[PDB]
Amino acid sequence: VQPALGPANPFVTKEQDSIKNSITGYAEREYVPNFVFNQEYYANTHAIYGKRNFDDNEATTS
Amino acid sequence: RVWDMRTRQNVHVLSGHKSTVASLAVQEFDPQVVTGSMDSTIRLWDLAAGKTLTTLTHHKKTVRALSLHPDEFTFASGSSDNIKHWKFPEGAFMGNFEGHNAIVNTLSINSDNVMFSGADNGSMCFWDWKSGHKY
Amino acid sequence: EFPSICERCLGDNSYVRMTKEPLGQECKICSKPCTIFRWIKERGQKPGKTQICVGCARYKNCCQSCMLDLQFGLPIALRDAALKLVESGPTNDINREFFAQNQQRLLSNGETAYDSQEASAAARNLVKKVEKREXXXXXXXXXXXXXXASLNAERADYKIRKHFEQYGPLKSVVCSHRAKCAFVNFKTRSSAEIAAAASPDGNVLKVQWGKXXXXXXXXXXXXXXXXXXXXXXXXXXXXXXXXXXXXXXXXXXXX
Amino acid sequence: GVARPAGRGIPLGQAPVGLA
Amino acid sequence: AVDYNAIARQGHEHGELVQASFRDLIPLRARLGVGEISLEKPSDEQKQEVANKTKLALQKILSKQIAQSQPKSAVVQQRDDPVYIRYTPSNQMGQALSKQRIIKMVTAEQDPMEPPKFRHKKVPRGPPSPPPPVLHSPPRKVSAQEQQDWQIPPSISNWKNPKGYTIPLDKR
Amino acid sequence: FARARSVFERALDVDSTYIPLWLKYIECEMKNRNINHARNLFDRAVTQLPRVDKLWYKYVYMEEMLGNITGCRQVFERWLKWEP
Amino acid sequence: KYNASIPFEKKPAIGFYXXXXXXXXXXXXXXXX
Amino acid sequence: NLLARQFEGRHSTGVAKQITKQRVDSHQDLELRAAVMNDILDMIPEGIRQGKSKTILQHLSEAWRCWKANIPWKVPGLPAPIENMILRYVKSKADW
Amino acid sequence: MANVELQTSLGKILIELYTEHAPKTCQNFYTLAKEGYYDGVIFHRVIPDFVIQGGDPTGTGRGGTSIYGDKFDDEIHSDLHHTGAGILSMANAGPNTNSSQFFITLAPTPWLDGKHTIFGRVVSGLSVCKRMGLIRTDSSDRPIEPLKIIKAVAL
Amino acid sequence: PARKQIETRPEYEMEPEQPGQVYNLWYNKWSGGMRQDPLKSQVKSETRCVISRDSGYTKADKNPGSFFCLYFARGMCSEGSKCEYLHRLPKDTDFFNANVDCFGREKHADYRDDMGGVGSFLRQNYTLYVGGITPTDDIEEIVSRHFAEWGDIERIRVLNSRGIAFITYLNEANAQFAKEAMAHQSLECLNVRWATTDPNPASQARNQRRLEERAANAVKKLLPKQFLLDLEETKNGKXXXXXXXXXXXXXXXXXXXXXXX
RNA sequence: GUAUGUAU
RNA sequence: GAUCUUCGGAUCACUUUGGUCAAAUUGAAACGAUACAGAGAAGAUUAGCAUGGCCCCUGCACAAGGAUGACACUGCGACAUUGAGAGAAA
Ligand SMILES: [Mg+2]
Ligand SMILES: [Mg+2]
Ligand SMILES: [Mg+2]
Ligand SMILES: [Mg+2]
Ligand SMILES: [Zn+2]
C-alpha cells in the first residue's frame, strides 16, 4: 500500500480530486462474459421502467 | 527521405533544415542519420520518431561533407571553414583540423587514422586523426 | 479509448452498449476526420451521437455530445462570454479551422491543463459582481377623453406585463426604451379603468388614457423626458426642450 | 503461443468483473 | 546564466542536448571536469536492442501507409470482438459521483460501397520548433581593401537588355 | 499589440538571424514604452546568438536609460563568459 | 447617409517579467479610433 | 480512382512532376543556377554583403551566350575567383 | 540550538532550529544534513501561497526515512505555531509517522497546528522561498524543472 | 385532443421556369436561367397557426424528454392529435442542450451567409431579424400583438425608416420557435433572419452585460453555500465582527478544519 | 468580342 | 405453443430499429442572366518550357492539356562621419 504523506493540498475542488484517465472518469478494459452483461442489462432496465411505470410488477417466477 | 528497400515506399520525411541537405552519413547505433546543409548546421536524427536529437551549429557555412570513422565512434564534418571533427550522442566538439584554405567537398577517413580532404582548387591535404597536424 | 461524453447523456442505466465507427463526420470545429460514437439513452429515445473530435473537446472541455461544460453545466458560448476564462475568439469559417488546430498544436506538445481552482474563482467573483451592480387633474382630463381601453405608462417589459396582466384581460402590451413609454391595451374598459386607479403613482408611474430622421427625433424625445423627470425631482436646452414639447402637443391637438 | 516479460498493472476499481 | 539557459531550451519537447554556454565551443580535451574520453563504438547488446526498436517502429508505420494507399476493395475485416470497458467518472458537475458503468463497444461494420466521407482541406503548415543557439567562432577582421576586392561590376548584355535602362556607347 | 507583436514573431520564424528584424521589433516596443516586454525579447536574442555585438551593446544602453546599474553588470558579466 | 479574428497568432514568448503592460494597451486603441 | 477524385478533390500542390522530355532542358538549368547560388555563397568570405549572389549569374549567362557566339568575354575588374567559377560552370554546359 | 544552510539551484536558505523545544526532530534533521543524505534531492511539492515540501531521496512522494530507523513520534508545543510565511515543519502520514520530509510555509496555516512537528524558522533566504514557490507545475503539483538541493551544511 | 391543421398534406411536383429546369437527381432541385428569381421571391404561406386554438395534448407530453414539432410552428402538422412531438410553446422548464435546436435539428459551426433556420452553437442569439410591411405607426401595435404570443419578449425594436425589427426574446427556445412561425407570413412575406451583432460599441456592451448576467445566474446555483452565505452576508452587513470571529475559528481546508474538530 | 476574369 | 410427466416439474426459444433532419422556400453543388473589359516576351505579329502556392478545372494518370490555364514589386538599409558657419535650449 505505502501511503503518500504530506499536508494535502487544501484548495483542491471537486473536479481535480478524482483520478481520470479520460477527462470525465477513469476508463479501463473489462472481461465479462457477454451473457452476464446482457443478463445484467435487462434487469436494470426493468427497474428503471418500473419507477416510470410506478409499478413493481411482482417478482419473476416459475 | 528514408526509403523502404523492398516496398519502395517512403517511411520518413526528416523535415527541419531550411535548405539543400548537401550531405549524409549513416550508422547502426543512435545518431543513425547525420545531415548537413546550406543552413551551415547539422542535426542528429531519430530514425524511429522522425525528429532531431541535437542541433549542432558550430559551422559558419555550407556543410559539403560528413563521414564516420571506421571504429572510433566519431564523425568529421567538413566545409570551406574549419574542417571540424566531433564525438557522438551529444556530439560535443573535439577539435579543428586547421590549414585548408579552399572549399572542401570530401572527408574520407582511413582505418590507420588518415583523413583526406580534396578541395575545389585541387588542394589535397592529408591529415592525422589523433593530433590535427596535417602531414 | 471510449469518448469524452459526460455522465448526463449516458443516462439512467449503468450498462451501456455503444458502437464506434472509425471515420464518420469530420469534426464541426476542428474540421478534420474523427470517430462517431453512437448509443441509446432510454427506452424509445432517439440515439445519441458525438459531434466533436476529442482533440477539440479536450481544449474546449465539454461532453462530446451535450457540449455543456463539465464543471458547471452551462453551454460553451454562454461560458466563454460571461466567465471569459480561456478567451477564445475565431468564430469564422476558415480562421476557426486553424485557431482550433493551433490549440490542438499547443495542448498536444505542452500539456496545458484546464485549471479548475482558478476557474471556480472566476465564478464566485462573477456572482458578487452581479449583486453590486443592482393626479386629480389627470383623471378629469382623462375622463373627458373617455366620454368622447389603452393606458399610457409614462415615467422592464416582463414587469410591465406582470403588473398589468394581474389587473385584467390584456389585448396587447408595448414598450420603447428610447421612447421610455409603454401602451397597455386591455380587452375590456372595466379592467383598464380599474388598472388606471390601481397603478397611479406606483413603482416597478404616470398612468393616463392613451391616444435616420425617426431615430434622431426619438433620441431627442429621450433627452426631453430625461430632463423632465430630473427637474420635477429638483437652462437654454431646458427652454428649447419646452418649445419642442409645446410644438408636439400643438401637432397632436391639430391632427 | 509466445512468451513475454513482466508488468503487473493495478486496477483502480475493486469488486467483481460483471457488476460495476 | 543559471536560470537563463532555460530560455533557449523552452519548447523543443527534447532539449537536454541543446547548447548554452561558451563551454560548448571548448574542445573535449579541455572541458575541465571530465573523467575520460570514450572512443570505442558501444556494444552488440545495444545494437540488437536498437535494431529491434527501429524495425518494429517502421513496420507499424509502413503497415498504416499501405492501409491508406490501397482502399482494400471488398476486403472488409470484422474486428468482431465486443470490447468491454469500465468507466470511472470524475465528479463532473457534482451529484452522483461514481457507480463505474460498464460500456460495451462494438464496431459498426462499414458498407463496402460508400466512397470517402470527406474532402481534402489544404491548410498552411504550422510554425517550426524554435531555433537553437548559434555558437559561431569569433568573426574575423575584414578591412576596407578586402571588401573592395570583392567588388562585382554589374554586367550588361550584348543582346538581352530588356525594359529600358539606356546605357551610353562608351560603356560597352 | 497583437497584430504588430505577432507579425514580427511570425517573421522571426522565417529567419531567426536577421539582425535588422530583431532591432526593428525591439524599437517598436519601447516607442510605446513597455520595457519589461522587451527585456525578455532582448535576452532571447543574446542567447540565440552570442557573437552579435550589436545586440550586446544595445542590451546595456537600454539599461542605462531604464535605470538600475546592477542589472547592467550581471548582463555585462555574462558577456565576459563568452570572453569577447 | 482578416480583421475578424487575426490571421495567425504567435504568442510573445514566456512569463519572465508583464500583466501591467497589457492593461494600458487595451484602452489606447479606443483613443486612437 | 475517379470516384475518390469526386468525393475528395486533388491533393496539395506538389506531388512530383517526373521530368519527361518537354521539361528537361529547363530543369537542367534550374539546378545549375542553384549550384552556382551554392558555390558563391561559400566562395564569399564571412562578411562582404550578399548583393552579389543573384548578381553573379547575369555574367554566367552572358558568358554562356558569349561562347555560343564565339566572342571572347573579357570583363573589367571582377574577382579572379569569380572569373573562374564562371569559366568552369560554363565549360560544363558547353559539353552537355 | 544550531542552524543549517541549504544550497539550491535558485538560492541559499539559512534556518534556525528550535532544538530546545524539539530535541529528536532537530537530532534527525541535523544528522542527515551532515551525512550527505539531503544532497541532490528535489522539492517534489510546490503550492502557490501554501508550502514547498521536500526531503524525498526516492523522488517519489512515498520515500525517506529517519536516523532512528523508519519513523518517530511527533512533539507538539503550544509555543510553536504556523503564524508566518517561512516556517520549517516535518511532514507526516498520520499521528506518529515522521520521515525525513519537511516543508516551508508561504502563508499562515492555523489548521496544521497540532498535527505536524514544527522545528525551525527561516532567517535568511525568504526571497528564495517566495521565488521558489511560484514555479510552473504539472496538475500533480510537481515542478517542471526539478528544484534540487545541492548541499546541506550544518552550522 | 390536438388539432390536425391539415389532414391531407402536400405533394410536390413542379416545372418552374417553364422551359426545362431539368432536375438534378443528385440534389433534388431544378437548374436553369434566372438564378435571381430563386435568391429572392419567396411565396406566402398557405396557413399560419393560432396558439390558443391549435395547441393541446400529444403523445410527446407523456414522454419526458421530447422536442416540439417543426410543422406545428409552420401551422400544418397533419398529425395534430397523435403527433410524436410537442404541440406547445417553449417554457423555462423545457430546457434542451447546446448542440440541439429546440426542434431537435442539430446546430452547426457558424451560421449561413443569408442566415438560415438554425444558428451556431459558438455564439448565442436570443434575437430575430425581420423585414416587414409598413402601413403607418400602428405597425408597433401589430408587431407587439403577434410576436408577444409566441414567447416571452425582452425588447421589441422597430426601425420605421427601414421596415426592420430586432426582436430579442426571454428564453432562447422561444427565439428559435418564434422565427419559424413568424417567417413566411403577412401583416410580401415577412423575412426572418438571425441577427448580426448590432452596430456601435455601447449597445454591444449592453448586450454583453445581459449575457454575463445570464451566466452569473446560471453559475449561482453551483457555488458553495458558505461562499453563497458570504456574499449574501456581506451585502446584509453593508458583519465585520462576524468575519473576525470566523477567521479566529479557522486559525479541503474547510474539510480539514472540520475533520480536526 | 471569344478564349479569360471583375461587379450585381 | 411442442416433447417427456404428479395438476407440482422440467426441457427447447432471449432485447429489433445504418438515422444529415419527422412534411422539398431559411443549413450540404453554380451556374446562369446582365453589364463592363477584352488576351506573355521593352516595333509589330508570333511556338513554347519552366518558376512559387491558402487559385483550380479536364484526366485512371508520377502522360498531357486548359491563353505559355490564371495570378505573381522592384522605397529600406546594423550609420559612421570630417571641417567650418548660424540658430534655440543647460
Ligand atoms: Mg500546360
Ligand atoms: Mg500564346
Ligand atoms: Mg494551346
Ligand atoms: Mg505555368
Ligand atoms: Zn475535432
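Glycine gets a Cβ as well: all are built from the backbone with ideal geometry, and neighbour counts include every protein chain shown. Values quoted throughout were computed directly from the atomic coordinates according to the rules given, and no laboratory measurement underlies them.
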Exercise for the section: Might you report the magnitude of the Cβ-based charge dipole of chain F about its Cα centre, with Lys and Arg at +1 and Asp and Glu at -1, to the nearest 20 debye? Expected result: 180 debye
Exercise for the section: Check cross-link reach from J:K238 to the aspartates and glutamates: straight Cα distance under 20 Å, and skip same-chain residues fewer than eight apart. Expected result: C:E131, C:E134, J:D230
Practice task
Enumerate by residue number the GluC sites (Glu not before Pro) in the stretch J:47-107 meeting two conditions: DSSP loop (anything except H, G, I, E, B), and at most 15 other Cβ atoms within 10 Å of the site's Cβ.
Solution key: J:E84
Practice task
Calculate how steeply helix A:34-53 sits against the longest principal axis of the alpha-carbon atoms of chain A, using the helix alpha-carbon long axis, and give the answer as 0 to 90 degrees to the nearest 10.
Solution key: 80 degrees
Handout entry: Burial ordering of C:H163, I:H44, fewest other beta-carbon atoms within 10 Å first
Key = C:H163, I:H44
Completion exercise
Only helices counted: for chain E, with every DSSP H run of 4 or more residues adding -39500 (n - 2.57) and the sum spread over all residues, [θ] at 222 nm is -5500 deg cm²/dmol
Handout entry: Mean-position separation - Cα centroids, the stretch J:242-261 and chain D, in angstrom
Key = 43 Å
Handout entry: Cα-only radius of gyration and Dmax that characterise the protein assembly as shown, units Å
Key = 39.6, 128
Practice task
For the stretch J:135-142, take each phi angle, set θ = phi - 60°, evaluate the Karplus expression 6.51 cos²θ - 1.76 cosθ + 1.60, and give the result in whole Hz per residue in order, putting x for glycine and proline.
Solution key: x, 9, 10, 7, 4, 6, 6, 6
Exercise for the section: Filter the chymotrypsin sites (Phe, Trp or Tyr not before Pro) in the stretch A:1-59 to those in DSSP coil with at most 15 other Cβ atoms within 10 Å of their Cβ, and list the result. Expected result: A:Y31, A:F54
Fill in the blank from the handout: Expressed in nanometres to one decimal, the distance between label points 7 Å along Cα→Cβ at E:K160 and J:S81 is 9.0 nm
Practice task
Kindly express, to the nearest 10 degrees and within the range 0 to 90, the angle between helix E:44-69's C-alpha long axis and the longest C-alpha principal axis of chain E.
Solution key: 80 degrees
Problem - Alpha carbon centroid spacing (whole Å) that separates the stretch E:128-172 from the stretch F:1-54 - result: 27 Å
Fill in the blank from the handout: Residue-ordered couplings for the stretch C:164-169, obtained by feeding phi - 60° into the Karplus form 6.51 cos²θ - 1.76 cosθ + 1.60 and rounding to whole Hz (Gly and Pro as x), are 9, 5, 6, 10, x, x
Completion exercise
Taking only the alpha-carbon positions of chain I as identical scatterers, the Debye log10 I(q)/I(0) at q = 0.09, 0.15, 0.16 Å⁻¹ comes out as -0.24, -0.71, -0.83
Fill in the blank from the handout: In degrees, nearest 10, the alpha-carbon axis of helix F:2-14 is tilted away from the dominant principal axis of the alpha carbons of chain F by 70 degrees
Problem - Charge tally in the Cβ shell below 14 Å around J:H184, where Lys, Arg are +1 and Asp, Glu are -1, J:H184 excluded - result: +3
Handout entry: Rel. contact order, % - alpha carbon contacts under 8 angstrom, at least six apart, the stretch B:14-100
Key = 20 percent
Problem - trypsin sites (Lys or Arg not before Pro) within the stretch E:2-35: DSSP coil, no more than 10 neighbouring Cβ in 10 Å - result: E:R29
Handout entry: Dipole magnitude of the protein assembly as shown about its Cα centre (Cβ charges: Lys, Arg +1; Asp, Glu -1), debye to nearest 20
Key = 2900 debye
Exercise for the section: Find how many whole Å separate the alpha carbon centroid of the stretch I:82-155 from the alpha carbon centroid of the stretch I:1-58. Expected result: 8 Å
Problem - Theoretical ellipticity at 222 nm over chain F - DSSP helices of four or more residues, -39500 (n - 2.57) apiece, nearest 500 - result: -24500 deg cm²/dmol
Fill in the blank from the handout: From fewest to most C-beta neighbours within 10 Å, the residues J:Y12, F:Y61 line up as J:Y12, F:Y61
Exercise for the section: Pick out, from C:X253, C:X227, C:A156, the residue whose Cα sits farthest towards the positive end of the charge dipole of chain C, with +1 on the Cβ of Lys and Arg and -1 on the Cβ of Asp and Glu. Expected result: C:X253
Handout entry: Of E:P27, E:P162, E:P138, the one that fluctuates the most in a GNM where chain E has Cα springs shorter than 10 Å
Key = E:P162
Problem - Mean projection area, nm², convex hull over Cα of chain E - result: 29.8 nm²
Practice task
Return the distance in nm (one decimal) between the two label points of a simple spin-label model at H:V15 and D:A15, each offset 7 Å from Cα along Cα→Cβ.
Solution key: 5.8 nm
Completion exercise
Shielding of C:3-10 by other chains, given as the mean Cβ count within 10 Å, works out to 6
Handout entry: Relative contact order for chain E, counting Cα pairs under 8 Å that sit 6 or more residues apart, in percent
Key = 24 percent
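Which net charge results when you count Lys and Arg as +1 and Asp and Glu as -1 among the other residues whose beta-carbon is under 15 Å from that of J:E106?
Within the 15 Å Cβ shell, the charges total +4.
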Problem - Average Cα contact separation per residue, chain I, under 8 Å, 6 or more apart, as relative contact order % - result: 36 percent
Practice task
State log₁₀ I(q)/I(0) for the stretch J:80-187 at q = 0.19, 0.22 Å⁻¹ as given by the Debye formula over alpha-carbon point scatterers of equal weight, solvent excluded.
Solution key: -1.04, -1.29
Practice task
Using a cut-off of under 12 Å, list every residue of the stretch C:3-24 whose amide N is near the label point 7 Å from the Cα of C:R38 along the Cα-to-beta-carbon line.
Solution key: C:18-22, C:24
Fill in the blank from the handout: Of the convex hull drawn through the C-alpha atoms of chain H, the volume per residue in Å³ is 152 Å³
Completion exercise
Env charge @ C:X220, Cβ radius under 13 Å, K,R +1 / D,E -1, value +2
Handout entry: Charge dipole magnitude, Cβ of K and R +1, D and E -1 - chain I, Cα centre, debye nearest 20
Key = 420 debye
